[PDB]
Amino acid sequence: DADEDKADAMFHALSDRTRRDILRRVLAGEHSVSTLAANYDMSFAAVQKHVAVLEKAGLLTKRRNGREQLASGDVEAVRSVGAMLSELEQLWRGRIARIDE
């Protein structure tokens, strides 16, 4: 709601190198657990934990069973956080500033 702490469930979930990769690639078409395990050389079960915590953080959720999928509505942040990192991004970037060598 507005006292919520799922906001950090997201940013902690995102705070393992591979939970990401997993996400970036389910975002990008894979629904296989086996393919993603085999493209990181890890046990099925291992990624079905990473996936698991990415599910319970509301980033992902199995609807009609067994290949999955992403979740429901409260969220954002995402919100802010989008514009948060776009401020970081844009200003970051704009200090491109170089004058004369």
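The ranking of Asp74, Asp1, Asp8 by Cβ neighbour count inside 10 Å, starting from the fewest, reads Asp1, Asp74, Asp8. Taking θ as phi - 60°, what are the ³J(HN,Hα) couplings along the range 30-39 by the Karplus curve (6.51, -1.76, 1.60), each to the nearest whole Hz, with x for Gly and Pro? The phi angles translate into 5, 10, 6, 7, 5, 4, 6, 4, 6, 8 Hz. Restricting the range 15-101 to chymotrypsin sites (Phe, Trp or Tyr not before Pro) that sit in a DSSP loop and have at most 13 other Cβ atoms within 10 Å of their own Cβ leaves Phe44. Residue by residue, the range 57-71 carries 3J(HN,Hα) couplings of 7, x, 10, 3, 5, 7, 9, 9, 6, x, 6, 6, 2, 8, 7 Hz when phi is fed to the Karplus relation 6.51 cos²θ - 1.76 cosθ + 1.60 (θ = phi - 60°); x denotes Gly or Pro. Kirkwood radius for the range 1-79, taken over all pairs of different Cα atoms as the inverse mean of 1/r, rounds to 13.0 Å.
Can you tell me the orientation of helix 47-56 relative to the chain, as the angle in degrees between its alpha-carbon axis and the longest Cα principal axis, to the nearest 10? Compared with the principal axis, the helix lies near 70 degrees. With the simple spin-label model, which puts each label point 7 Å out from Cα in the Cβ direction, the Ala46 to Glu30 separation comes to 1.3 nm. A helix-only calculation puts the chain at -14500 deg cm²/dmol for mean residue ellipticity at 222 nm, using -39500 (n - 2.57) for each DSSP H run of at least four residues, averaged over all residues.
Throughout, read-outs are computed from the coordinates displayed, never taken from laboratory work. When we count neighbours, we look across all protein chains shown, and the Cβ atoms used for this are built from the backbone with ideal geometry, even at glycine.
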